[PDB]
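*Asks:* One file is attached below, entry39.cif, containing mmCIF, C-alpha atoms and all ligand atoms.
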data_query
loop_
_atom_site.label_atom_id
_atom_site.label_comp_id
_atom_site.auth_asym_id
_atom_site.auth_seq_id
_atom_site.Cartn_x
_atom_site.Cartn_y
_atom_site.Cartn_z
CA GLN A 1 2.43 -14.72 10.28
CA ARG A 2 1.59 -11.05 10.94
CA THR A 3 -1.66 -9.96 12.49
CA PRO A 4 -3.56 -7.08 10.85
CA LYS A 5 -3.67 -3.49 11.92
CA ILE A 6 -7.16 -2.00 11.58
CA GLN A 7 -8.26 1.61 11.27
CA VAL A 8 -11.93 2.55 10.88
CA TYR A 9 -12.55 6.12 9.83
CA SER A 10 -14.44 8.43 7.48
CA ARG A 11 -13.17 9.97 4.25
CA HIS A 12 -14.12 13.43 5.56
CA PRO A 13 -14.67 14.73 9.10
CA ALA A 14 -18.07 13.41 10.11
CA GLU A 15 -21.15 15.62 10.25
CA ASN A 16 -24.43 14.02 11.29
CA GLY A 17 -26.71 14.16 8.26
CA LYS A 18 -24.04 14.71 5.58
CA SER A 19 -23.10 11.94 3.15
CA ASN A 20 -19.63 10.51 3.74
CA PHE A 21 -17.58 7.34 3.25
CA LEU A 22 -16.81 4.77 5.96
CA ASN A 23 -13.33 3.31 5.60
CA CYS A 24 -11.84 0.17 7.12
CA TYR A 25 -8.11 0.03 6.36
CA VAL A 26 -6.52 -3.35 7.10
CA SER A 27 -2.74 -3.51 6.81
CA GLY A 28 0.39 -5.14 8.13
CA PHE A 29 -0.95 -8.68 7.71
CA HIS A 30 0.51 -11.88 6.29
CA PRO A 31 -0.62 -14.22 4.79
CA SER A 32 -3.01 -12.54 2.37
CA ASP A 33 -6.33 -14.27 3.09
CA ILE A 34 -8.54 -11.95 5.10
CA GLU A 35 -12.24 -11.41 5.75
CA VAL A 36 -13.54 -7.88 6.31
CA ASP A 37 -17.10 -6.72 6.88
CA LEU A 38 -18.42 -3.23 7.54
CA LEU A 39 -21.16 -3.22 10.20
CA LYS A 40 -24.08 -0.85 10.83
CA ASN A 41 -25.60 -1.40 14.27
CA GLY A 42 -24.07 -4.88 14.19
CA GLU A 43 -25.45 -5.87 10.76
CA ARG A 44 -23.30 -6.52 7.68
CA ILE A 45 -23.43 -3.76 5.08
CA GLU A 46 -23.95 -5.19 1.58
CA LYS A 47 -22.80 -2.31 -0.68
CA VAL A 48 -19.10 -2.49 0.29
CA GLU A 49 -16.23 -2.14 -2.19
CA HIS A 50 -12.52 -2.71 -1.65
CA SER A 51 -9.19 -1.77 -3.18
CA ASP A 52 -7.00 -4.23 -5.05
CA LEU A 53 -4.80 -6.34 -2.80
CA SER A 54 -1.29 -4.88 -2.58
CA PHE A 55 1.58 -4.91 -0.14
CA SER A 56 4.03 -2.60 1.61
CA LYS A 57 7.83 -2.45 1.73
CA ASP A 58 7.96 -5.06 4.49
CA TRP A 59 5.87 -7.42 2.27
CA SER A 60 2.80 -7.16 4.51
CA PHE A 61 -0.50 -6.80 2.70
CA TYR A 62 -3.06 -4.03 2.88
CA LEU A 63 -6.60 -3.43 1.69
CA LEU A 64 -9.16 -0.63 1.98
CA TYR A 65 -12.82 -1.55 2.44
CA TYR A 66 -15.28 1.32 2.09
CA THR A 67 -18.95 2.13 1.78
CA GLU A 68 -20.98 5.29 1.42
CA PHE A 69 -22.88 6.18 4.58
CA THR A 70 -24.54 9.09 6.35
CA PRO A 71 -23.49 9.25 10.02
CA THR A 72 -26.05 10.08 12.68
CA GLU A 73 -25.79 10.69 16.41
CA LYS A 74 -27.02 7.22 17.37
CA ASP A 75 -26.06 4.83 14.55
CA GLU A 76 -23.00 2.74 15.45
CA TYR A 77 -20.60 1.60 12.73
CA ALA A 78 -17.79 -0.92 12.94
CA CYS A 79 -15.43 -3.10 10.96
CA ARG A 80 -15.21 -6.87 11.54
CA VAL A 81 -11.95 -8.52 10.53
CA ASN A 82 -10.99 -12.19 10.48
CA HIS A 83 -7.49 -13.48 9.73
CA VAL A 84 -5.61 -16.70 10.47
CA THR A 85 -3.73 -14.85 13.21
CA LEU A 86 -6.97 -14.11 15.11
CA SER A 87 -8.68 -16.66 17.36
CA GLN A 88 -11.99 -14.78 16.90
CA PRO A 89 -13.07 -12.06 14.46
CA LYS A 90 -12.03 -8.61 15.66
CA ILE A 91 -14.59 -5.79 15.77
CA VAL A 92 -13.26 -2.22 15.74
CA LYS A 93 -15.88 0.46 16.28
CA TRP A 94 -15.87 3.67 14.30
CA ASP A 95 -14.83 6.58 16.49
CA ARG A 96 -15.31 9.81 14.55
CA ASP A 97 -12.38 11.35 16.48
CA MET A 98 -9.84 8.68 15.37
CA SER B 1 4.67 -1.31 -18.78
CA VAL B 2 5.66 -4.66 -17.23
CA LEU B 3 8.99 -6.36 -17.76
CA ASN B 4 8.94 -9.22 -20.27
CA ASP B 5 11.08 -11.58 -18.21
CA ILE B 6 9.28 -14.78 -19.06
CA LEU B 7 11.84 -17.66 -19.00
CA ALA B 8 13.17 -16.36 -15.66
CA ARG B 9 12.31 -18.92 -12.97
CA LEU B 10 12.94 -19.40 -9.26
CA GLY C 1 9.30 15.84 -6.84
CA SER C 2 10.95 12.46 -7.33
CA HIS C 3 8.80 9.87 -9.04
CA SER C 4 8.70 6.11 -9.08
CA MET C 5 7.00 3.27 -10.87
CA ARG C 6 6.51 -0.11 -9.20
CA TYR C 7 4.95 -3.43 -10.11
CA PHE C 8 3.88 -5.78 -7.31
CA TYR C 9 3.34 -9.49 -8.02
CA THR C 10 1.72 -11.90 -5.58
CA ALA C 11 1.31 -15.66 -6.09
CA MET C 12 -0.64 -17.47 -3.33
CA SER C 13 -1.06 -21.23 -3.29
CA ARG C 14 -4.15 -22.73 -1.71
CA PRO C 15 -4.09 -26.55 -1.79
CA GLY C 16 -7.56 -28.04 -2.16
CA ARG C 17 -8.91 -24.72 -3.46
CA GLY C 18 -7.62 -24.63 -7.04
CA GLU C 19 -4.36 -23.49 -8.59
CA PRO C 20 -2.41 -20.60 -7.02
CA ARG C 21 -3.83 -17.13 -7.47
CA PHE C 22 -1.63 -14.59 -9.25
CA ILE C 23 -2.17 -10.85 -9.01
CA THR C 24 -0.29 -7.85 -10.36
CA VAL C 25 -0.76 -4.20 -9.42
CA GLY C 26 1.23 -1.32 -10.88
CA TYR C 27 1.78 2.04 -9.17
CA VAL C 28 3.18 5.39 -10.20
CA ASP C 29 4.12 7.06 -6.91
CA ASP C 30 1.08 6.42 -4.63
CA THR C 31 -1.39 6.01 -7.52
CA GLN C 32 -2.35 2.50 -8.60
CA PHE C 33 -2.87 2.42 -12.36
CA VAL C 34 -3.24 -1.23 -13.47
CA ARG C 35 -4.31 -4.55 -11.96
CA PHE C 36 -4.35 -8.20 -13.05
CA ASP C 37 -6.05 -11.02 -11.16
CA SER C 38 -5.93 -14.62 -12.35
CA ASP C 39 -9.16 -15.27 -10.44
CA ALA C 40 -11.12 -12.94 -12.72
CA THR C 41 -13.65 -14.47 -15.11
CA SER C 42 -11.62 -13.28 -18.12
CA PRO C 43 -8.26 -12.18 -16.69
CA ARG C 44 -6.83 -9.04 -18.27
CA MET C 45 -4.52 -6.27 -17.24
CA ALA C 46 -7.10 -3.58 -16.56
CA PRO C 47 -6.84 0.20 -16.06
CA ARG C 48 -7.20 1.67 -12.57
CA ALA C 49 -6.38 5.32 -13.41
CA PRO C 50 -7.89 7.56 -16.12
CA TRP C 51 -4.61 8.51 -17.80
CA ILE C 52 -3.75 4.91 -18.68
CA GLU C 53 -7.14 4.25 -20.35
CA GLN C 54 -5.92 5.89 -23.58
CA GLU C 55 -3.28 3.21 -24.18
CA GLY C 56 -4.14 1.27 -27.30
CA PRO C 57 -5.18 -2.35 -27.71
CA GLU C 58 -1.60 -3.45 -28.33
CA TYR C 59 -0.68 -2.11 -24.88
CA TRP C 60 -3.42 -4.01 -23.06
CA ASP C 61 -2.81 -7.20 -25.06
CA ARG C 62 0.92 -7.23 -24.26
CA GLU C 63 0.36 -6.52 -20.56
CA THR C 64 -2.28 -9.24 -20.44
CA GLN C 65 -0.29 -11.94 -22.21
CA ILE C 66 2.74 -11.29 -20.02
CA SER C 67 0.56 -11.45 -16.91
CA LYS C 68 -1.09 -14.69 -18.06
CA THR C 69 2.37 -16.16 -18.66
CA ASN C 70 3.39 -14.87 -15.23
CA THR C 71 0.43 -16.73 -13.71
CA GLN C 72 1.93 -19.96 -15.04
CA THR C 73 5.53 -19.04 -14.21
CA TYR C 74 4.71 -18.24 -10.59
CA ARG C 75 2.71 -21.44 -10.13
CA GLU C 76 5.87 -23.20 -11.26
CA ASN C 77 7.90 -21.00 -8.91
CA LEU C 78 5.65 -21.99 -6.01
CA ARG C 79 6.25 -25.68 -6.83
CA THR C 80 9.99 -24.99 -6.97
CA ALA C 81 9.92 -23.21 -3.61
CA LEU C 82 8.46 -26.36 -2.05
CA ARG C 83 11.50 -28.32 -3.20
CA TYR C 84 13.88 -25.56 -2.05
CA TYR C 85 12.47 -25.62 1.51
CA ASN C 86 11.51 -29.33 1.79
CA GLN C 87 7.86 -28.31 2.21
CA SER C 88 4.84 -30.45 1.48
CA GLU C 89 2.14 -29.75 -1.06
CA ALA C 90 -0.50 -29.49 1.69
CA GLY C 91 0.33 -25.97 2.90
CA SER C 92 -0.39 -22.49 1.59
CA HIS C 93 2.57 -20.35 0.54
CA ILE C 94 3.19 -16.93 -1.02
CA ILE C 95 5.78 -15.52 -3.40
CA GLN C 96 5.93 -11.75 -3.74
CA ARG C 97 7.92 -9.61 -6.12
CA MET C 98 8.40 -5.89 -6.51
CA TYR C 99 10.42 -4.12 -9.18
CA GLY C 100 10.63 -0.71 -10.78
CA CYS C 101 12.52 2.53 -11.14
CA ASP C 102 12.94 5.73 -9.11
CA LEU C 103 13.55 9.00 -10.94
CA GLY C 104 15.43 11.87 -9.40
CA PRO C 105 14.24 15.47 -9.55
CA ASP C 106 16.31 15.81 -12.74
CA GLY C 107 14.13 13.04 -14.19
CA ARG C 108 16.99 10.58 -14.66
CA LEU C 109 17.14 7.11 -13.13
CA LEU C 110 17.94 7.45 -9.44
CA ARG C 111 17.88 3.72 -8.71
CA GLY C 112 16.29 0.47 -9.79
CA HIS C 113 14.68 -2.31 -7.75
CA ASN C 114 13.89 -5.99 -8.10
CA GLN C 115 13.20 -8.01 -4.96
CA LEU C 116 11.37 -11.21 -4.09
CA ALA C 117 10.04 -12.65 -0.86
CA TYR C 118 8.83 -16.13 0.03
CA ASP C 119 6.21 -16.46 2.79
CA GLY C 120 6.79 -12.84 3.74
CA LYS C 121 10.54 -13.23 4.22
CA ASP C 122 13.09 -11.61 1.96
CA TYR C 123 14.35 -14.11 -0.58
CA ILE C 124 16.54 -12.43 -3.22
CA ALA C 125 17.23 -8.82 -4.19
CA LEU C 126 18.94 -7.21 -7.15
CA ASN C 127 21.71 -5.04 -5.75
CA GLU C 128 21.70 -1.29 -6.41
CA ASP C 129 24.43 -1.84 -9.04
CA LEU C 130 21.76 -3.66 -11.13
CA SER C 131 24.33 -6.35 -11.89
CA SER C 132 24.74 -8.51 -8.76
CA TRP C 133 22.36 -10.38 -6.44
CA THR C 134 21.94 -10.67 -2.68
CA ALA C 135 20.50 -14.07 -1.70
CA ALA C 136 18.94 -14.30 1.74
CA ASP C 137 19.48 -18.03 2.30
CA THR C 138 20.79 -21.20 0.69
CA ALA C 139 17.61 -21.66 -1.37
CA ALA C 140 17.93 -18.17 -2.83
CA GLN C 141 21.55 -18.96 -3.67
CA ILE C 142 20.26 -21.64 -6.05
CA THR C 143 18.03 -19.08 -7.73
CA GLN C 144 20.96 -16.65 -7.87
CA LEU C 145 23.06 -19.18 -9.81
CA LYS C 146 20.20 -19.81 -12.24
CA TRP C 147 19.72 -16.07 -12.76
CA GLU C 148 23.44 -15.48 -13.27
CA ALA C 149 23.44 -18.15 -15.99
CA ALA C 150 20.39 -16.67 -17.76
CA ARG C 151 21.69 -13.06 -17.60
CA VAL C 152 18.64 -11.99 -15.60
CA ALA C 153 20.37 -8.98 -14.01
CA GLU C 154 21.47 -7.76 -17.44
CA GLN C 155 17.90 -7.83 -18.76
CA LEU C 156 16.64 -6.11 -15.61
CA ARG C 157 19.27 -3.39 -15.80
CA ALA C 158 18.31 -2.74 -19.43
CA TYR C 159 14.63 -2.54 -18.55
CA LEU C 160 15.17 -0.46 -15.43
CA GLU C 161 17.43 2.09 -17.17
CA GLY C 162 15.46 2.13 -20.42
CA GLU C 163 11.83 1.07 -20.79
CA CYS C 164 10.91 1.50 -17.11
CA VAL C 165 12.11 5.13 -17.14
CA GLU C 166 10.63 5.82 -20.57
CA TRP C 167 7.21 4.43 -19.66
CA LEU C 168 7.23 6.21 -16.30
CA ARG C 169 7.98 9.53 -18.03
CA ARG C 170 5.14 8.87 -20.48
CA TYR C 171 2.69 8.09 -17.67
CA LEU C 172 3.81 11.19 -15.74
CA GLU C 173 3.11 13.34 -18.79
CA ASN C 174 -0.24 11.76 -19.58
CA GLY C 175 -1.32 11.96 -15.95
CA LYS C 176 0.38 15.29 -15.32
CA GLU C 177 -2.65 17.00 -13.79
CA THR C 178 -2.75 14.42 -10.97
CA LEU C 179 0.55 12.52 -10.88
CA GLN C 180 2.58 15.75 -10.90
CA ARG C 181 0.29 17.61 -8.51
CA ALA C 182 1.07 17.50 -4.81
CA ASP C 183 -1.93 18.15 -2.59
CA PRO C 184 -0.92 19.74 0.73
CA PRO C 185 -2.41 18.50 3.99
CA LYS C 186 -5.27 20.32 5.63
CA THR C 187 -4.13 20.44 9.24
CA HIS C 188 -5.80 20.98 12.60
CA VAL C 189 -5.27 20.17 16.27
CA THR C 190 -8.11 18.63 18.27
CA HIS C 191 -8.41 18.34 22.04
CA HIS C 192 -9.87 15.28 23.81
CA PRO C 193 -10.03 15.44 27.63
CA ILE C 194 -9.02 12.18 29.30
CA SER C 195 -9.38 13.24 32.92
CA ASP C 196 -9.24 16.44 34.87
CA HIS C 197 -5.44 15.94 34.78
CA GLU C 198 -4.74 15.00 31.17
CA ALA C 199 -5.97 15.54 27.64
CA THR C 200 -5.07 14.21 24.22
CA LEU C 201 -3.90 16.69 21.62
CA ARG C 202 -4.31 15.11 18.18
CA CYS C 203 -2.63 16.78 15.21
CA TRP C 204 -4.47 15.91 11.99
CA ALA C 205 -3.28 15.96 8.39
CA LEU C 206 -6.00 15.31 5.81
CA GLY C 207 -6.36 15.27 2.06
CA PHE C 208 -2.68 15.18 1.13
CA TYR C 209 -0.94 13.55 -1.81
CA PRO C 210 1.58 11.89 -2.08
CA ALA C 211 1.53 9.83 1.14
CA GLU C 212 4.98 10.83 2.41
CA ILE C 213 4.54 13.23 5.32
CA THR C 214 6.15 14.02 8.68
CA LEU C 215 4.06 14.87 11.75
CA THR C 216 5.86 15.55 15.01
CA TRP C 217 4.86 16.91 18.40
CA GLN C 218 7.23 19.11 20.37
CA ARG C 219 6.92 20.05 24.05
CA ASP C 220 8.86 23.24 24.83
CA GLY C 221 10.66 22.63 21.52
CA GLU C 222 11.79 19.08 22.36
CA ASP C 223 10.60 16.33 20.03
CA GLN C 224 8.16 13.93 21.71
CA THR C 225 8.74 10.88 19.51
CA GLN C 226 8.80 8.24 22.21
CA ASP C 227 5.61 9.76 23.70
CA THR C 228 3.64 10.27 20.46
CA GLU C 229 0.99 7.88 19.16
CA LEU C 230 1.44 8.06 15.36
CA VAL C 231 -1.12 6.13 13.27
CA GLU C 232 -0.07 4.65 9.95
CA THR C 233 -0.77 6.93 7.01
CA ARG C 234 -4.10 5.79 5.61
CA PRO C 235 -5.99 6.21 2.33
CA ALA C 236 -9.05 8.41 2.34
CA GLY C 237 -10.45 6.71 -0.80
CA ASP C 238 -10.28 9.80 -3.06
CA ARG C 239 -6.50 9.28 -3.83
CA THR C 240 -5.41 11.33 -0.83
CA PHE C 241 -4.16 10.25 2.58
CA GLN C 242 -4.75 10.92 6.26
CA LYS C 243 -2.51 10.77 9.29
CA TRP C 244 -2.62 11.93 12.87
CA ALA C 245 -0.22 12.19 15.79
CA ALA C 246 -1.41 12.40 19.37
CA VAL C 247 0.24 13.18 22.68
CA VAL C 248 -1.21 13.04 26.18
CA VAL C 249 -0.65 16.41 27.83
CA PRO C 250 -1.31 17.74 31.34
CA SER C 251 -4.44 19.87 31.40
CA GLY C 252 -3.47 23.53 31.20
CA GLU C 253 -0.11 22.74 29.55
CA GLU C 254 -1.57 22.52 26.02
CA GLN C 255 0.09 25.71 24.78
CA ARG C 256 3.56 24.27 25.42
CA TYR C 257 2.96 21.75 22.63
CA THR C 258 3.43 22.42 18.93
CA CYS C 259 2.66 20.18 15.98
CA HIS C 260 5.02 20.29 13.02
CA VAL C 261 3.97 19.18 9.54
CA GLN C 262 6.32 18.62 6.61
CA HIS C 263 4.87 17.75 3.22
CA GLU C 264 6.08 18.47 -0.30
CA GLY C 265 2.81 20.25 -1.10
CA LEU C 266 3.64 22.93 1.48
CA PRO C 267 5.67 26.08 0.75
CA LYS C 268 7.22 25.79 4.24
CA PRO C 269 7.00 23.41 7.22
CA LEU C 270 3.80 24.14 9.18
CA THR C 271 3.65 24.71 12.93
CA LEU C 272 0.29 24.37 14.69
CA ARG C 273 -0.99 24.44 18.22
CA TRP C 274 -4.36 23.86 19.78
CA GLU C 275 -6.60 26.92 19.28
CA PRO C 276 -9.40 26.86 21.92
NA NA D 1 13.56 -13.63 -19.63
NA NA D 2 4.31 -19.89 6.47
#
Show me, as structure tokens, the structure contained in the file I just sent.
Ligand code: NA
Ligand code: NA
*Replies:*
Amino acid sequence: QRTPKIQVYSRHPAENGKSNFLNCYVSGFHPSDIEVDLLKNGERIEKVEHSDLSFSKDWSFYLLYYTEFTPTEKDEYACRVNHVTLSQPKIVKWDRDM
Amino acid sequence: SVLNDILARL
Amino acid sequence: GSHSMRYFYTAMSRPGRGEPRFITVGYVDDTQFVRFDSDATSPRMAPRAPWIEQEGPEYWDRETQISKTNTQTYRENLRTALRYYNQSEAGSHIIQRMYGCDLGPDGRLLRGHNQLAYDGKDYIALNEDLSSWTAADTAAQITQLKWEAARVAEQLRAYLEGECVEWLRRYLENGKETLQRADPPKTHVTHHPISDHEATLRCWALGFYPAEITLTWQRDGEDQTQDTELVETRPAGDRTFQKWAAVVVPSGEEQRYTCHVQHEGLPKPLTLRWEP
């Protein structure tokens, strides 16, 4: 069993006020069952899409979850990921510099 | 286009 | 550039939660172009790129019927795997398969691929000669014998040297304006103070296609591999990719560091530094 890597990031460099996309890329995991939510100030975002499940050369799976958003100075975004390898769901906060 | 390899089995 | 086509199959059992799920995705290079999911209301091979949408009904019907057959074949394969590993029917397991062709810059077959994994571990692979098998364990040796008797490698070699190449060339022509267009990275260095002693230099590459890229930091011309945090290349969502490489540098020493970017969309390797 392989625990997921998680990157949370925007499609374009963030500018407060400009429309963008929030991405949560989950990769390197096995087996395939995984739960991913995008969070805005700790609340689950409803209008989230995701890529078709696929896998890398080492057979580990990956998925992209994304949603359109408009970043502001004070709104906090995050990705919450649950997988059999995790004792508790993991929350990774969006850092616009990562 | 996918391979038609029906009848192959583990 | 060199081009490839790949199909990825996944069968996932889930005892107590219905029959095993079967999915297929097809890629040309880093562009997904079809998907199949047995969990869909009316499962079909469906387009995921614009240039495949023009294929006629016969195309989609053939891809769908093969995929529906594959759903059944891989449920049988999952049952077989339980016998090959003395496993019970209570657990979840996964078979994966990838196959396809790589074309050289001349456009001819460079090599072919057909590999399977069980529960994330390599199981059996077609050798590069497209005529012999490498089994990973004694279970896969049983499969090998069955595939030698049914001339599986021979059919694969024919597909991989013939149809796989021919279809890939067709897709590359129909999707020429995207599949045969490299997008170079937009590159920048950012500076993130850690302390009064240290700062992170982060070399960014954004908006590039295909995903293959090299980002390296040098300090006084010496590669800093063991001291570089390199994130996995990641999809932006608009077909392109993102990557960054970061080093922790002593404050005031930033100009001794150079970032080097290699990508097939670039006329020449790029060298950047932090520009305050
Ligand atoms: Na066959
Ligand atoms: Na397992």
*Asks:* From the set C:240, C:174, C:144, C:65, which residue has the shortest atom-to-atom contact distance to residue C:49, counting only C-alpha atoms?
*Replies:*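 For residue C:49, the nearest of the candidates is C:174.
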*Asks:* Dig up all the protein and nucleic acid residues within 12 Å of (13.5, -19.5, -13.5) in the file frame, using all atoms listed in the file, and format them as a PyMOL selection string.
*Replies:* (chain B and resi 5-10) or (chain C and resi 70+72-81+140+142-152)
*Asks:* If we count all atoms listed in the file, what is near residue A:58 at a cut-off of 12 Å, once residues fewer than 2 positions away on the same chain are taken out, given as a tab-separated table (two decimals) with C-alpha atoms, keeping the file's coordinate frame?
*Replies:*
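Writing the result to part_20.tsv gives the following:
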chain	number	residue	atom	x	y	z
A	2	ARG	CA	1.59	-11.05	10.94
A	27	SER	CA	-2.74	-3.51	6.81
A	28	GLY	CA	0.39	-5.14	8.13
A	29	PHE	CA	-0.95	-8.68	7.71
A	30	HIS	CA	0.51	-11.88	6.29
A	54	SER	CA	-1.29	-4.88	-2.58
A	55	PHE	CA	1.58	-4.91	-0.14
A	56	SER	CA	4.03	-2.60	1.61
A	60	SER	CA	2.80	-7.16	4.51
A	61	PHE	CA	-0.50	-6.80	2.70
A	62	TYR	CA	-3.06	-4.03	2.88
C	96	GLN	CA	5.93	-11.75	-3.74
C	97	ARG	CA	7.92	-9.61	-6.12
C	98	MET	CA	8.40	-5.89	-6.51
C	115	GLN	CA	13.20	-8.01	-4.96
C	116	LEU	CA	11.37	-11.21	-4.09
C	117	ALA	CA	10.04	-12.65	-0.86
C	118	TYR	CA	8.83	-16.13	0.03
C	119	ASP	CA	6.21	-16.46	2.79
C	120	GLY	CA	6.79	-12.84	3.74
C	121	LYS	CA	10.54	-13.23	4.22
C	122	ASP	CA	13.09	-11.61	1.96
*Asks:* Kindly give the distance, in Å, that separates atom CA of residue C:256 and atom CA of residue C:217, rounded to a single decimal.
*Replies:* 10.3 Å
*Asks:* For chain C versus chain A, which residues have an atom no more than 7 Å away, and what is each residue's nearest atom pair and distance in Å rounded to one decimal, using all atoms listed in the file, chain-then-number order, as a Markdown table?
*Replies:*
| residue | atom | partner | partner_atom | distance |
| --- | --- | --- | --- | --- |
| C:25 | CA | A:54 | CA | 6.9 |
| C:120 | CA | A:59 | CA | 5.7 |
| C:236 | CA | A:11 | CA | 4.8 |
| C:237 | CA | A:11 | CA | 6.6 |
*Asks:* Got a sec to check which residues sit within 9 Å of (-21.6, -2.3, 8.3), counting only C-alpha atoms, and write them as an mmCIF file with C-alpha atoms, keeping the file's coordinate frame?
*Replies:*
data_model
loop_
_atom_site.group_PDB
_atom_site.id
_atom_site.type_symbol
_atom_site.label_atom_id
_atom_site.label_comp_id
_atom_site.auth_asym_id
_atom_site.auth_seq_id
_atom_site.Cartn_x
_atom_site.Cartn_y
_atom_site.Cartn_z
ATOM 1 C CA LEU A 22 -16.810 4.770 5.960
ATOM 2 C CA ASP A 37 -17.100 -6.720 6.880
ATOM 3 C CA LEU A 38 -18.420 -3.230 7.540
ATOM 4 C CA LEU A 39 -21.160 -3.220 10.200
ATOM 5 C CA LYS A 40 -24.080 -0.850 10.830
ATOM 6 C CA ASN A 41 -25.600 -1.400 14.270
ATOM 7 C CA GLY A 42 -24.070 -4.880 14.190
ATOM 8 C CA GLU A 43 -25.450 -5.870 10.760
ATOM 9 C CA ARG A 44 -23.300 -6.520 7.680
ATOM 10 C CA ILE A 45 -23.430 -3.760 5.080
ATOM 11 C CA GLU A 46 -23.950 -5.190 1.580
ATOM 12 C CA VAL A 48 -19.100 -2.490 0.290
ATOM 13 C CA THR A 67 -18.950 2.130 1.780
ATOM 14 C CA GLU A 76 -23.000 2.740 15.450
ATOM 15 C CA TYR A 77 -20.600 1.600 12.730
ATOM 16 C CA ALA A 78 -17.790 -0.920 12.940
ATOM 17 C CA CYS A 79 -15.430 -3.100 10.960
ATOM 18 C CA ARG A 80 -15.210 -6.870 11.540
#
*Asks:* One decimal, in Å: what's the spacing between atom CA of residue C:168 and atom CA of residue C:207?
*Replies:*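 Those two atoms sit 24.6 Å apart.
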*Asks:* Atom CA of residue C:20 to atom CA of residue C:36: how many Å, to one decimal?
*Replies:*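 These two atoms are separated by 13.9 Å.
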*Asks:* Which is closer to chain B than all the others in C:247, C:139, C:40, C:199, using all atoms listed in the file?
*Replies:*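 Smallest distance to chain B is found for C:139.
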